[PDB]
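Trainee: I have a structure I would like to understand better, so I am pasting it below and will then ask my questions one at a time.
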Amino acid sequence: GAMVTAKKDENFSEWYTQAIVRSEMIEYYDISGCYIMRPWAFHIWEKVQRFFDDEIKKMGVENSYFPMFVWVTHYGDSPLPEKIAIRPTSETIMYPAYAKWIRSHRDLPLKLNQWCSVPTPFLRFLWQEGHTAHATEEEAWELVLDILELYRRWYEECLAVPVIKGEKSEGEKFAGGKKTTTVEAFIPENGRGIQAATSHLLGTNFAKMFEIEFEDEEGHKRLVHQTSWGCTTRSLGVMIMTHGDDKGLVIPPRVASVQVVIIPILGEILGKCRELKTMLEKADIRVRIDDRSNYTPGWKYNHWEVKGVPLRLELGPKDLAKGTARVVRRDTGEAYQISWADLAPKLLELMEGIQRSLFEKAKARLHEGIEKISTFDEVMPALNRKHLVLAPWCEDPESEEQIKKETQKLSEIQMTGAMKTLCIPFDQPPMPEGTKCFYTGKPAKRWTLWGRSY
Amino acid sequence: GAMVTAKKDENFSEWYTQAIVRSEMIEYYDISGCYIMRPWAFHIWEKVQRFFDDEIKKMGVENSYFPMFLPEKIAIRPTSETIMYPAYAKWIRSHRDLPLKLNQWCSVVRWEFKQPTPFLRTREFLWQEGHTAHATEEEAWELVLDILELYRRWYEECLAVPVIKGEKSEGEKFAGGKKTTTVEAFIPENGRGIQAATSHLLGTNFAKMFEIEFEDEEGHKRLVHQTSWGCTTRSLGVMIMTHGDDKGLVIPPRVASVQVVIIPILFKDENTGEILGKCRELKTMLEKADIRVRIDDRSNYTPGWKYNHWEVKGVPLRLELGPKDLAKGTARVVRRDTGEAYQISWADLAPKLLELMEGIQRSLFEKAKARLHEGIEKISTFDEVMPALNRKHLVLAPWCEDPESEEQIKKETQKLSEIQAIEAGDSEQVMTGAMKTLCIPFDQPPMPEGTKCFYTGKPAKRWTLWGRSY
């Protein structure tokens, strides 16, 4: 009787917990935080993993395994045993091997990636990270933007979660990198931004510290231009929060463990159900026939609705007589009495329509969750409406810290509560000439998306 | 210009180290032995992983992830059973919940062994492990045998390494389970058997231990019949030892990262662009046939350097194209396994190369199978053991399957090993000289009535494969 009792707009954290637990997605035990990823979510992880892996195989990225863990001048001209102690990161492990392997320009580009594995689930796990080294900065930037587009496709085309491409501020970018691109998603229930995925342009900063030098065509020793990117299982959690409802989970059909479940209504109907399942499995459709004995049909309805199957198929005596089956979708309560012959094509059409509907509704909520302001006195109401803000900014690093401190102090009205830079979006609205910064008053530079975040 | 200098049948350990390092499929990181797995070997691991995963997904096995707070290479780590089987008991409630089939692909790196061997005896490896629970013992045993057949296909159809299916002795099986099946491989250069993969019939012991019960159709609470299996990157190591030669590695074309390497022959600054463009269009043509191709147009190295480089890396086929071959409209394809050269027209390149590839794979398999057949001696009495062991061979003997007799034989063969005091001008890795049961093979040779045990003299039960092991 796994039935979600908490309401999504009321008790959001308890709703998330009940949704991820009751749907047989994860399983806790007594120690704090640790959980087990049951197949219901690991199938989604696999699907997105296969997508990203094939797409980076096309780009020439090769997978590998490095033994990874669990300031300017000194870290750089110090030996590797001390470099590991100072910064025990994946860069300190990988980039010495990069310096050993890279010697000639014909050794570039070097593209490596690894899928690694080692509170609240799916927020703070499995992930992937990749590192590249190129001969020029233009090639590095091209690869960074390609990976960011791959992340946009990961979130929007697979999980139906709309993300905003942008550039991180000087305070939120990678510490040693030159520039950091990102994609951002929005959770309306708490009105908070979240970093969906990240992609960094490291440049020659790390090549300086590890002496990752190469000889070009003219025989000149030049530094490589490195990039690094990564994406975690957070994509699952976001995908859980943007589509679920009070009934439970709603999983987009492109990543569903089982896309359509066939429920009998209670002799020959079981054979006809198996025939329909064999017919549907041929057309790429993932089918599971829930032929439980004692469980009532409504119990199975609630079970598969909590699990979040996009479509469920009912076949009863009247359905067997009139020649049609009763399919019902999960995002909305729309039902369809459809013939057995036209089952597979119209079912996959319904699946694509459900995916597009989920993405479009999430994009509409995203657009409704952003307020384009101009002066600072609008930030506190906009934040109190569970919304993000898009304001003109001069991109002064001190101003960001000042705004965060003041917005945290302006939390008199009873995680955190401060407002930080989500990103400087690539899609920049037009900036009038004399436009001033929304906080300092200096000449503004670009439109920056701010808001509360995870 | 990294060449493999050690002879494979003279300095086997040095040969293995040179072969894995100079082929750019491994990179040692520090003094402890910690190493990086480079894409040249990770591609083979990805191929075998894709095969096994697609095959077990047809069996209804679903992938999952469990963290960390005989099973082959796992004499370390915090155990998988104590983490999984509590959740298994919490999940399984009725026969409707069965059968349960889970699997996970994992990787680990711990403090390295004393005198380690990467992709073999090492505390750093990638692997997969699966666990199942069934209502009956028959279904569980059938799944065990299906997984063992999948392992046989993993080693033979993918890596071209012949293996022997069998069951472990009472003293060499998973002590917690009921019966432990296995596949065994043979290394002739040191004459040692090795456990390629394992599949266990755990039975109801862990069901009792973790209270994993279920209600049947009538209502009685019964125990589940559990199985578990696993396979590591050790396969790669075996695939390295089985097909490698004095020149370096020989990778079967099915799992090769690069199947055909194109080497344009360019002398002087004349007719270079035409040859390069022709090599590029040939690469595109071959890629249109699902052939993995790569062109080595590096000018700082001569053709001989490239030959040795891609021979050490183990590319099964290389394609030479000079200006004379540009004129004749043909190319010279050299195979890595035997070295035989062929002259093939451009229109025949893709079909003849797909054919050469299959031929090299089958030959790679058949030669190793012949070596395996030649490394096993069928004996009848115990005084035949130490000779056959000194010939770096295994033995197939009739045995009564007495547990204490196996320990007696281990101690006796260790006492009779001798020569444990002369290392000449070439010291290698010293392993134990005792002989133990590798497996009781499924393919049992016929047993004539009245056959006595080769050691105890008691009535012999079955043919058992003994030998020195890893």
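Trainee: If I filter the stretch A:399-427 down to residues being in contact with a strand residue (DSSP E or B) (Cβ under 6 Å, 6 or more places away or on another chain) and of a type outside the set (D, E, K, R), which single residue comes out as nearest to A:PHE186 (Cα to Cα)?
Mentor: The qualifying residue nearest to A:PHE186 (Cα to Cα) is A:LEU422.
Trainee: Moving on. So which residues in the stretch A:274-319 are part of a helix (DSSP H, G or I), more than 13 Å from chain B (Cβ to nearest Cβ) and buried (at least 20 other Cβ atoms within 10 Å of the Cβ)?
Mentor: Across the stretch A:274-319, the qualifying residues are A:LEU276, A:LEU280, A:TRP304, A:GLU305, A:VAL306, A:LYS307.
Trainee: Also: For the stretch A:304-320, how many residues are under 16 Å from A:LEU270 (Cβ atoms) and among the aliphatic types (A, V, I, L, M)?
Mentor: Adding up the residues that qualify gives 3.
Trainee: Name the single residue that is surrounded by the most Cβ atoms within 10 Å (Cβ to Cβ) among those in the stretch A:429-454 being under 20 Å from A:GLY171 (Cα atoms) and β-branched (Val, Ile, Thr).
Mentor: A:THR448
Condition check ((1) part of a strand (DSSP E or B); (2) within 26 Å of the chain's Cα centre (by Cα); (3) of a type in the set (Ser, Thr, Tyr)) across all residues:
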| residue | (1), (2), (3) |
| --- | --- |
| A:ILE31 | no, no, no |
| A:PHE42 | no, yes, no |
| A:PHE51 | no, yes, no |
| A:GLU55 | no, yes, no |
| A:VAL72 | no, no, no |
| A:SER78 | no, no, yes |
| A:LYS100 | no, no, no |
| A:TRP115 | yes, yes, no |
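Trainee: What's the number of the condition A:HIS243 fails, among (1) in a helix (DSSP H, G or I); (2) within 30 Å of A:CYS116 (Cβ to Cβ)?
Mentor: Here A:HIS243 meets the rest and fails (1).
Trainee: Then there is this: Residues in the stretch A:121-164 that are away from chain B (no Cβ under 14 Å), in contact with a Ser or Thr (Cβ under 6 Å, 6 or more places away or on another chain) and farther than 27 Å from A:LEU249 by Cα: how many?
Mentor: Of the residues in the stretch A:121-164, 5 are away from chain B (no Cβ under 14 Å), in contact with a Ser or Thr (Cβ under 6 Å, 6 or more places away or on another chain) and farther than 27 Å from A:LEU249 by Cα.
Trainee: Here is a follow-up. Among the residues of the stretch A:219-228, is any buried (at least 22 other Cβ atoms within 10 Å of the Cβ) and under 30 Å from A:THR416 (Cα atoms)? Break it down stepwise before answering.
Mentor: Residues of the stretch A:219-228 that are buried (at least 22 other Cβ atoms within 10 Å of the Cβ), as a first pass: A:224-228.
Cutting the leftovers down to under 30 Å from A:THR416 (Cα atoms) gives us A:228.
Checked the stretch A:219-228: at least one residue is buried (at least 22 other Cβ atoms within 10 Å of the Cβ) and under 30 Å from A:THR416 (Cα atoms).
Trainee: Next question, about the same structure. Report the residue count in the stretch B:96-120 for those that are more than 24 Å from A:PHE69 (Cβ to Cβ), surrounded by 18 or more Cβ atoms within 10 Å (Cβ to Cβ) and not polar (S, T, N, Q).
Mentor: 6
Trainee: Residues to consider are A:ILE44, A:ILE56; find the one that is in contact with a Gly (Cβ under 9 Å, 6 or more places away or on another chain) and more than 10 Å from every other protein chain (Cβ to nearest Cβ).
Mentor: Values: A:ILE44 fails: in contact with a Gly (Cβ under 9 Å, 6 or more places away or on another chain).
Going through A:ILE44, A:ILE56 in turn, just one is in contact with a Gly (Cβ under 9 Å, 6 or more places away or on another chain) and more than 10 Å from every other protein chain (Cβ to nearest Cβ): A:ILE56.
Trainee: May I pose another question? Condition (residue is under 22 Å from B:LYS47 (Cα atoms) and in the same structural domain as B:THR233 (by CATH)) applied to the stretch B:91-102: is it met by at least one residue?
Mentor: Scanning the stretch B:91-102 turns up at least one residue that is under 22 Å from B:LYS47 (Cα atoms) and in the same structural domain as B:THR233 (by CATH).
Trainee: Just wondering, is there one or more residues in the stretch A:377-394 that are surrounded by fewer than 12 Cβ atoms within 10 Å (Cβ to Cβ), over 21 Å from A:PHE186 (Cα atoms) and not small (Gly, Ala, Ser)?
Mentor: yes
Trainee: Separate question: What do you reckon, is B:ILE36 touching a helix residue (DSSP H, G or I) at 6+ places or on another chain (Cβ under 7 Å) and not in a helix (DSSP H, G or I)?
Mentor: Values: touching a helix residue (DSSP H, G or I) at 6+ places or on another chain (Cβ under 7 Å): yes; not in a helix (DSSP H, G or I): yes.
Yes.
Trainee: Among the residues of the stretch B:229-238, are any surrounded by fewer than 18 Cβ atoms within 10 Å (Cβ to Cβ) and in a loop (DSSP other than H, G, I, E, B)?
Mentor: no
Trainee: Please enumerate the residues belonging to the stretch A:129-164 that are among the small types (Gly, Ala, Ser) and under 14 Å from A:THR180 (Cα atoms).
Mentor: Residue satisfying the conditions is A:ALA140 alone.
Trainee: Also, I was wondering about something else. Go through (1) out of contact with any strand residue (DSSP E or B) (no Cβ under 9 Å at 6 or more places or on another chain); (2) surrounded by 19 or more Cβ atoms within 10 Å (Cβ to Cβ) one by one and return the number of the condition B:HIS373 breaks.
Mentor: Of (1) out of contact with any strand residue (DSSP E or B) (no Cβ under 9 Å at 6 or more places or on another chain); (2) surrounded by 19 or more Cβ atoms within 10 Å (Cβ to Cβ), only one is false for B:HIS373: (2).
Trainee: Considering the stretch A:168-200 alone, what residues qualify as being within 16 Å of the chain's Cα centre (by Cα) and within 28 Å of A:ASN384 (Cβ to Cβ)?
Mentor: A:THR182, A:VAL183, A:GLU184, A:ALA185, A:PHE186, A:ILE187, A:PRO188, A:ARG192, A:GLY193, A:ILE194, A:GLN195, A:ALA196
Trainee: OK, next. Could you tell me which numbered condition A:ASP146 fails, if it satisfies all but one of (1) in a loop (DSSP other than H, G, I, E, B); (2) under 30 Å from B:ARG298 (Cα atoms)?
Mentor: Answer for A:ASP146: the failing condition is (1).
Trainee: Let me ask something additional. In this structure, is B:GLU46 closer than 30 Å to A:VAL258 by Cβ, under 22 Å from the mean Cα position of the chain (by Cα) and surrounded by fewer than 19 Cβ atoms within 10 Å (Cβ to Cβ)?
Mentor: In short, yes.
Trainee: Output the qualifying pairs, or none if there are none: Cβ atoms under 7 angstrom, residues six or more apart or on different chains, first residue in the stretch B:6-29 and on the phi > 0 side of the Ramachandran plot, second residue surrounded by 20 or more Cβ atoms within 10 Å (Cβ to Cβ) and in a helix (DSSP H, G or I).
Mentor: B:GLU24/B:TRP40; B:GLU24/B:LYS313
Trainee: Here's something else I'd like to know. Of these, B:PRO118, B:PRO71, B:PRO99, which one is more than 8 Å from chain A (Cβ to nearest Cβ) and either charged (D, E, K, R) or under 22 Å from A:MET37 (Cα atoms) (or both)?
Mentor: Numbers: B:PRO118 fails: either charged (D, E, K, R) or under 22 Å from A:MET37 (Cα atoms) (or both); B:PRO71 fails: either charged (D, E, K, R) or under 22 Å from A:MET37 (Cα atoms) (or both).
Every option except B:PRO99 fails the conditions.
Trainee: For the stretch B:173-190, how many residues are hydrophobic (A, V, I, L, M, F, W, C), farther than 15 Å from B:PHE365 by Cα and buried (at least 20 other Cβ atoms within 10 Å of the Cβ)?
Mentor: Total meeting the criteria: 1.
Trainee: Identify all residues within the stretch B:329-340 that are loosely packed, with under 15 Cβ neighbours inside 10 Å and either assigned to a helix (DSSP H, G or I) or over 29 Å from the mean Cα position of the chain (by Cα) (or both); write none if there are none.
Mentor: The one that is loosely packed, with under 15 Cβ neighbours inside 10 Å and either assigned to a helix (DSSP H, G or I) or over 29 Å from the mean Cα position of the chain (by Cα) (or both): B:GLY329.
Trainee: If you don't mind, there's one more thing I want to ask. Considering (1) surrounded by fewer than 19 Cβ atoms within 10 Å (Cβ to Cβ); (2) more than 9 Å from chain A (Cβ to nearest Cβ); (3) out of contact with any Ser or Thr (no Cβ under 9 Å at 6 or more places or on another chain); (4) within 22 Å of B:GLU211 (Cα to Cα), say which one B:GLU81 fails and leave the rest.
Mentor: Only one criterion in (1) surrounded by fewer than 19 Cβ atoms within 10 Å (Cβ to Cβ); (2) more than 9 Å from chain A (Cβ to nearest Cβ); (3) out of contact with any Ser or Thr (no Cβ under 9 Å at 6 or more places or on another chain); (4) within 22 Å of B:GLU211 (Cα to Cα) is unmet by B:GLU81, namely (3).
Trainee: Still on this structure, please answer the following. Check every one of the strands (runs of 3 or more DSSP E) wholly within the stretch A:167-228 and list those with 2 or more residues that are within 15 Å of A:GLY451 (Cα to Cα) and of a type in the set (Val, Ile, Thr).
Mentor: Numbers: elements: A:179-187, A:192-203, A:213-215, A:221-223.
Answer list for the stretch A:167-228: A:179-187.
Trainee: Taking the stretch B:19-29 only, how many residues are in contact with a strand residue (DSSP E or B) (Cβ under 8 Å, 6 or more places away or on another chain) and either in a helix (DSSP H, G or I) or more than 8 Å from chain A (Cβ to nearest Cβ) (or both)?
Mentor: Of the residues in that region, 7 qualify.
Trainee: A follow-up question, please. Tally time: how many residues in the stretch B:148-172 are under 20 Å from B:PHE206 (Cα atoms) and surrounded by 22 or more Cβ atoms within 10 Å (Cβ to Cβ)?
Mentor: Count: 1.
In this analysis, Cβ positions are derived from the backbone assuming ideal geometry, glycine residues included, and neighbour counts consider all displayed protein chains. All of this is worked out from the model, or read from it or from the source named; nothing here is a laboratory result.
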